Every structure is written in C-alpha cells, then in structure tokens.
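Data from data_22.txt: compact mmCIF, C-alpha atoms
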# COMPACT_ATOMS: atom_id res chain seq x y z
CA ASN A 36 0.29 -78.35 20.11
CA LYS A 37 -0.36 -78.29 16.36
CA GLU A 38 -3.26 -75.86 16.60
CA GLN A 39 -0.98 -73.67 18.71
CA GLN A 40 1.60 -73.61 15.93
CA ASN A 41 -0.79 -72.82 13.08
CA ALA A 42 -2.47 -70.09 15.15
CA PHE A 43 0.89 -68.67 16.26
CA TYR A 44 2.21 -68.45 12.70
CA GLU A 45 -1.09 -67.12 11.32
CA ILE A 46 -1.28 -64.35 13.92
CA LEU A 47 2.39 -63.66 13.18
CA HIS A 48 1.75 -63.09 9.47
CA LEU A 49 -1.42 -60.95 9.51
CA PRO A 50 -0.44 -57.92 7.40
CA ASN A 51 -2.71 -55.15 8.73
CA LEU A 52 -2.05 -55.31 12.48
CA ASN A 53 0.19 -52.89 14.29
CA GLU A 54 2.94 -54.36 16.46
CA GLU A 55 1.15 -53.83 19.78
CA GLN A 56 -2.04 -55.63 18.71
CA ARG A 57 -0.09 -58.56 17.25
CA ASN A 58 2.05 -58.84 20.39
CA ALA A 59 -1.07 -58.69 22.55
CA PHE A 60 -2.73 -61.55 20.66
CA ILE A 61 0.49 -63.57 20.81
CA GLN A 62 0.93 -62.88 24.54
CA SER A 63 -2.65 -64.06 25.09
CA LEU A 64 -1.66 -67.22 23.22
CA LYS A 65 1.31 -67.69 25.55
CA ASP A 66 -0.99 -67.09 28.53
CA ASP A 67 -3.67 -69.68 27.66
CA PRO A 68 -2.94 -71.63 24.46
CA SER A 69 -6.28 -73.47 24.74
CA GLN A 70 -7.91 -70.24 23.49
CA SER A 71 -6.11 -70.47 20.11
CA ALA A 72 -9.17 -70.78 17.85
CA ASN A 73 -10.78 -67.82 19.62
CA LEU A 74 -7.66 -65.62 19.60
CA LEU A 75 -7.01 -66.39 15.94
CA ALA A 76 -10.65 -65.77 15.01
CA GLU A 77 -10.91 -62.28 16.47
CA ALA A 78 -7.38 -61.53 15.26
CA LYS A 79 -8.52 -62.34 11.73
CA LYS A 80 -11.64 -60.28 12.45
CA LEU A 81 -9.40 -57.42 13.55
CA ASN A 82 -7.30 -57.78 10.39
CA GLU A 83 -10.17 -57.93 7.89
CA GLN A 84 -11.59 -54.80 9.50
CA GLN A 85 -8.45 -52.67 9.61
CA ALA A 86 -7.59 -53.55 6.01
CA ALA A 87 -11.04 -52.22 5.15
CA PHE A 88 -10.38 -48.97 7.04
CA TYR A 89 -7.31 -48.49 4.86
CA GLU A 90 -8.93 -49.23 1.49
CA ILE A 91 -11.89 -46.88 1.92
CA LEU A 92 -9.46 -44.38 3.44
CA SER A 93 -7.51 -44.43 0.16
CA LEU A 94 -10.53 -44.18 -2.18
CA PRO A 95 -9.53 -40.91 -3.88
CA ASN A 96 -12.92 -39.96 -5.35
CA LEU A 97 -14.76 -39.60 -2.03
CA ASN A 98 -14.66 -36.63 0.31
CA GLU A 99 -13.77 -36.89 3.99
CA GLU A 100 -17.44 -36.91 5.01
CA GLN A 101 -18.30 -39.92 2.84
CA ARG A 102 -15.12 -41.76 3.82
CA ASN A 103 -15.49 -41.42 7.58
CA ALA A 104 -19.21 -42.14 7.27
CA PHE A 105 -18.18 -45.50 5.78
CA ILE A 106 -15.54 -45.84 8.51
CA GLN A 107 -18.02 -45.18 11.29
CA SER A 108 -20.48 -47.60 9.71
CA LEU A 109 -17.65 -50.14 9.68
CA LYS A 110 -17.08 -49.55 13.40
CA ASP A 111 -20.77 -49.77 14.42
CA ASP A 112 -20.94 -53.08 12.51
CA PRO A 113 -17.74 -55.00 11.70
CA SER A 114 -19.47 -58.08 10.31
CA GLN A 115 -20.89 -56.41 7.17
CA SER A 116 -17.38 -55.16 6.29
CA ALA A 117 -17.33 -57.14 3.02
CA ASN A 118 -20.51 -55.31 2.01
CA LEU A 119 -19.56 -51.82 3.22
CA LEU A 120 -16.26 -51.94 1.33
CA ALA A 121 -17.87 -53.17 -1.90
CA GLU A 122 -20.54 -50.49 -2.01
CA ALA A 123 -17.93 -47.86 -1.20
CA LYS A 124 -15.81 -48.81 -4.21
CA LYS A 125 -18.97 -48.77 -6.30
CA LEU A 126 -19.56 -45.21 -5.13
CA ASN A 127 -15.96 -44.23 -5.91
CA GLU A 128 -16.14 -45.30 -9.56
CA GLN A 129 -19.58 -43.71 -9.90
CA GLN A 130 -18.40 -40.35 -8.61
CA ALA A 131 -15.10 -40.63 -10.49
CA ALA A 132 -16.70 -41.27 -13.89
CA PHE A 133 -19.11 -38.37 -13.41
CA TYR A 134 -16.24 -36.00 -12.62
CA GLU A 135 -13.83 -37.26 -15.27
CA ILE A 136 -16.48 -37.32 -18.01
CA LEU A 137 -17.05 -33.66 -17.16
CA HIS A 138 -13.52 -32.32 -16.54
CA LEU A 139 -11.77 -34.34 -19.35
CA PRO A 140 -10.12 -32.20 -22.04
CA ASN A 141 -10.29 -33.93 -25.42
CA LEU A 142 -13.92 -35.06 -25.73
CA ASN A 143 -16.45 -33.24 -27.88
CA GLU A 144 -19.79 -32.33 -26.33
CA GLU A 145 -21.66 -35.01 -28.28
CA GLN A 146 -19.52 -37.74 -26.72
CA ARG A 147 -19.63 -35.95 -23.37
CA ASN A 148 -23.43 -35.68 -23.35
CA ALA A 149 -23.74 -39.31 -24.46
CA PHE A 150 -21.50 -40.43 -21.59
CA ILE A 151 -23.32 -38.34 -18.97
CA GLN A 152 -26.63 -39.79 -20.16
CA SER A 153 -25.43 -43.40 -20.32
CA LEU A 154 -23.98 -42.84 -16.85
CA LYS A 155 -27.26 -41.44 -15.49
CA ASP A 156 -29.13 -44.42 -16.94
CA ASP A 157 -27.03 -47.23 -15.43
CA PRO A 158 -24.16 -46.67 -12.97
CA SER A 159 -23.21 -50.37 -13.05
CA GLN A 160 -21.13 -49.65 -16.17
CA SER A 161 -19.51 -46.69 -14.39
CA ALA A 162 -16.11 -48.38 -14.40
CA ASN A 163 -16.63 -49.26 -18.07
CA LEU A 164 -17.85 -45.82 -19.15
CA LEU A 165 -15.02 -44.07 -17.32
CA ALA A 166 -12.55 -46.46 -18.94
CA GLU A 167 -14.20 -45.98 -22.34
CA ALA A 168 -13.97 -42.22 -21.79
CA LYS A 169 -10.29 -42.16 -20.81
CA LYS A 170 -9.27 -44.15 -23.89
CA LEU A 171 -11.38 -41.85 -26.07
CA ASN A 172 -9.85 -38.75 -24.46
CA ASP A 173 -6.38 -40.12 -25.14
CA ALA A 174 -7.17 -41.21 -28.70
CA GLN A 175 -8.35 -37.67 -29.50
CA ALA A 176 -5.40 -36.00 -27.77
CA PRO A 177 -3.35 -33.24 -29.48

Now, as a test, write the supplied structure out as structure tokens.
Amino acid sequence: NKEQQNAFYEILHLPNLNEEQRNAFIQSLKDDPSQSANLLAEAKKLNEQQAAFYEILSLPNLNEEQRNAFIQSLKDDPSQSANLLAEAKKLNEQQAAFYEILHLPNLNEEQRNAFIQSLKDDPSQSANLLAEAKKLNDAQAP
C-alpha cells in the first residue's frame, strides 16, 4: 500500500523514540497494516510528547521541583504539550534574567536596579532584558 509506505518510513524516522517503542509500532504495522493512520498518529503523539520531556528536562534555570511538575503536568495531559512547553521556557528566561541581573559582575547598581525594576514591570521582555544585560556586562568588562 502507499499509506503503508509513508507510515512505515515516518515511524522509522521519528527522532525521539527509543528502539523498543519504534519496533513495537512497526511490528503493529506488520500485524495489521490497515491501522496505519492510527499507529502513525499515536506514534507522532508519542514523539511530540517525549521531545517535550527532554526540552523542559534541559531547561537549566529551573529546579527539579519545577521541572518534574511540568513533566507530571505533561503526563496528566499530553494534548496541551505545545502550551506546557511554551510557558516553561517563558519561566526559564524569567528566572534566568532575575538571577543573572543580580549575580552579574560588571554592572553598576544604577543599571542593576533599573534592570530589576524593568523586569518586575514586564517579564515579556525577560529574554530581551537578560540579553541587554549580558552585552552591557561584557561591554563594561575589565
């Protein structure tokens, strides 16, 4: 079949499956090929999820409690993965900026206060502020 081939190849080239899960999907395809569109679907669902587990797992600016709270939330509901990941990254930046703007060596306290205030006012420029801070810290380096 032509659906069989596209599903076979797609399942074969999903990056975030272990070997056993991939081989199980594929063996289910061999068993009843008429279930291709189902098998592929959940396989993609299983990929999109596990990828997520990795990314939040490797968000350096969150502690274990926050990370595995996001992981558990991802398990209790897989379908909102796209949301749970996004909001997690937005936390990461937010908590990173705060820390870096505090623990960064070469800023004077006027700049530091200004950054902490602009950060408390609007965290949506967290990534910007942090960036703007790092550059500043490097431009004023010894």

Shell around stretch 144-156 of chain A at 12 Å using only C-alpha atoms, local window under 3 positions removed, as a list in words:
residues 128, 129, 130, 131, 132, 133, 134, 135, 136, 137, 138, 139, 140, 141, 159, 160, 161, 162, 163, 164, 165, 166, 167, 168, 169, 171, 172 and 175 of chain A

Taking the point (-19.2, -53.3, 12.1) as given in the file, collect each protein or nucleic acid residue that comes within 12 Å of it, counting only C-alpha atoms, and present the set as a VMD selection string.
chain A and resid 80 to 81 83 to 85 87 to 88 105 to 120

Selection export as a short mmCIF file (atom, residue, chain, number, x, y, z; two decimals), in the frame of the given file, atoms kept: C-alpha atoms:
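Dumped everything to selection_15.cif:
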data_model
loop_
_atom_site.label_atom_id
_atom_site.label_comp_id
_atom_site.auth_asym_id
_atom_site.auth_seq_id
_atom_site.Cartn_x
_atom_site.Cartn_y
_atom_site.Cartn_z
CA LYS A 80 -11.64 -60.28 12.45
CA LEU A 81 -9.40 -57.42 13.55
CA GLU A 83 -10.17 -57.93 7.89
CA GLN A 84 -11.59 -54.80 9.50
CA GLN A 85 -8.45 -52.67 9.61
CA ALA A 87 -11.04 -52.22 5.15
CA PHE A 88 -10.38 -48.97 7.04
CA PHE A 105 -18.18 -45.50 5.78
CA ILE A 106 -15.54 -45.84 8.51
CA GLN A 107 -18.02 -45.18 11.29
CA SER A 108 -20.48 -47.60 9.71
CA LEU A 109 -17.65 -50.14 9.68
CA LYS A 110 -17.08 -49.55 13.40
CA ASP A 111 -20.77 -49.77 14.42
CA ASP A 112 -20.94 -53.08 12.51
CA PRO A 113 -17.74 -55.00 11.70
CA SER A 114 -19.47 -58.08 10.31
CA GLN A 115 -20.89 -56.41 7.17
CA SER A 116 -17.38 -55.16 6.29
CA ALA A 117 -17.33 -57.14 3.02
CA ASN A 118 -20.51 -55.31 2.01
CA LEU A 119 -19.56 -51.82 3.22
CA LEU A 120 -16.26 -51.94 1.33
#

In Å, with one decimal, what is the gap from atom CA of residue A:125 to atom CA of residue A:86?
17.4 Å

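Nearest residue to residue A:126, choosing from A:70, A:143, A:96, A:39 and counting only C-alpha atoms: A:96.
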
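Shortest atom-to-atom contact with residue A:142 among A:177, A:50, A:95, A:158: A:177, counting only C-alpha atoms.
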
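Atom CA of residue A:103 is positioned 26.4 Å from atom CA of residue A:157.
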
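Closest approach to residue A:69 among A:49, A:42, A:121, A:97 is made by A:42 (distances from only C-alpha atoms).
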
Restore N, CA, C and O atoms in stretch 73-89 of chain A and list the result as an mmCIF file, in the frame of the given file.
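Contents of out32.cif, as written:
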data_model
loop_
_atom_site.group_PDB
_atom_site.id
_atom_site.type_symbol
_atom_site.label_atom_id
_atom_site.label_comp_id
_atom_site.auth_asym_id
_atom_site.auth_seq_id
_atom_site.Cartn_x
_atom_site.Cartn_y
_atom_site.Cartn_z
ATOM 1 N N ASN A 73 -10.143 -69.111 19.353
ATOM 2 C CA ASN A 73 -10.780 -67.820 19.620
ATOM 3 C C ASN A 73 -9.838 -66.682 19.250
ATOM 4 O O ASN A 73 -10.176 -65.819 18.430
ATOM 5 N N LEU A 74 -8.632 -66.689 19.828
ATOM 6 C CA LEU A 74 -7.660 -65.620 19.600
ATOM 7 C C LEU A 74 -7.406 -65.417 18.112
ATOM 8 O O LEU A 74 -7.394 -64.282 17.620
ATOM 9 N N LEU A 75 -7.182 -66.510 17.382
ATOM 10 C CA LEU A 75 -7.010 -66.390 15.940
ATOM 11 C C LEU A 75 -8.230 -65.742 15.314
ATOM 12 O O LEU A 75 -8.112 -64.744 14.590
ATOM 13 N N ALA A 76 -9.419 -66.266 15.627
ATOM 14 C CA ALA A 76 -10.650 -65.770 15.010
ATOM 15 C C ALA A 76 -10.729 -64.258 15.101
ATOM 16 O O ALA A 76 -10.693 -63.560 14.080
ATOM 17 N N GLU A 77 -10.779 -63.725 16.326
ATOM 18 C CA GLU A 77 -10.910 -62.280 16.470
ATOM 19 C C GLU A 77 -9.729 -61.557 15.845
ATOM 20 O O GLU A 77 -9.910 -60.491 15.244
ATOM 21 N N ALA A 78 -8.526 -62.137 15.928
ATOM 22 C CA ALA A 78 -7.380 -61.530 15.260
ATOM 23 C C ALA A 78 -7.656 -61.375 13.767
ATOM 24 O O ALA A 78 -7.504 -60.283 13.205
ATOM 25 N N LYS A 79 -8.109 -62.453 13.121
ATOM 26 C CA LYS A 79 -8.520 -62.340 11.730
ATOM 27 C C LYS A 79 -9.617 -61.297 11.575
ATOM 28 O O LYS A 79 -9.558 -60.451 10.673
ATOM 29 N N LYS A 80 -10.597 -61.305 12.484
ATOM 30 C CA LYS A 80 -11.640 -60.280 12.450
ATOM 31 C C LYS A 80 -11.031 -58.893 12.555
ATOM 32 O O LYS A 80 -11.454 -57.967 11.855
ATOM 33 N N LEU A 81 -10.021 -58.729 13.412
ATOM 34 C CA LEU A 81 -9.400 -57.420 13.550
ATOM 35 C C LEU A 81 -8.566 -57.059 12.331
ATOM 36 O O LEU A 81 -8.386 -55.870 12.044
ATOM 37 N N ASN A 82 -8.065 -58.057 11.601
ATOM 38 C CA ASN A 82 -7.300 -57.780 10.390
ATOM 39 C C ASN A 82 -8.230 -57.351 9.263
ATOM 40 O O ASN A 82 -8.099 -56.249 8.713
ATOM 41 N N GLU A 83 -9.205 -58.211 8.944
ATOM 42 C CA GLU A 83 -10.170 -57.930 7.890
ATOM 43 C C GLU A 83 -10.788 -56.550 8.041
ATOM 44 O O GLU A 83 -11.031 -55.857 7.048
ATOM 45 N N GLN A 84 -11.024 -56.122 9.282
ATOM 46 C CA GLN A 84 -11.590 -54.800 9.500
ATOM 47 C C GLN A 84 -10.587 -53.700 9.181
ATOM 48 O O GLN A 84 -10.888 -52.771 8.421
ATOM 49 N N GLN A 85 -9.381 -53.786 9.748
ATOM 50 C CA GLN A 85 -8.450 -52.670 9.610
ATOM 51 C C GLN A 85 -8.025 -52.495 8.159
ATOM 52 O O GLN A 85 -7.942 -51.362 7.664
ATOM 53 N N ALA A 86 -7.787 -53.604 7.457
ATOM 54 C CA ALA A 86 -7.590 -53.550 6.010
ATOM 55 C C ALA A 86 -8.666 -52.703 5.361
ATOM 56 O O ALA A 86 -8.373 -51.757 4.618
ATOM 57 N N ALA A 87 -9.928 -53.004 5.676
ATOM 58 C CA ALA A 87 -11.040 -52.220 5.150
ATOM 59 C C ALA A 87 -10.846 -50.734 5.432
ATOM 60 O O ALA A 87 -10.898 -49.912 4.508
ATOM 61 N N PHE A 88 -10.589 -50.376 6.700
ATOM 62 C CA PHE A 88 -10.380 -48.970 7.040
ATOM 63 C C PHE A 88 -9.395 -48.319 6.092
ATOM 64 O O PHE A 88 -9.598 -47.182 5.653
ATOM 65 N N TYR A 89 -8.326 -49.040 5.746
ATOM 66 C CA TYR A 89 -7.310 -48.490 4.860
ATOM 67 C C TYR A 89 -7.877 -48.277 3.456
ATOM 68 O O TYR A 89 -7.763 -47.180 2.894
#
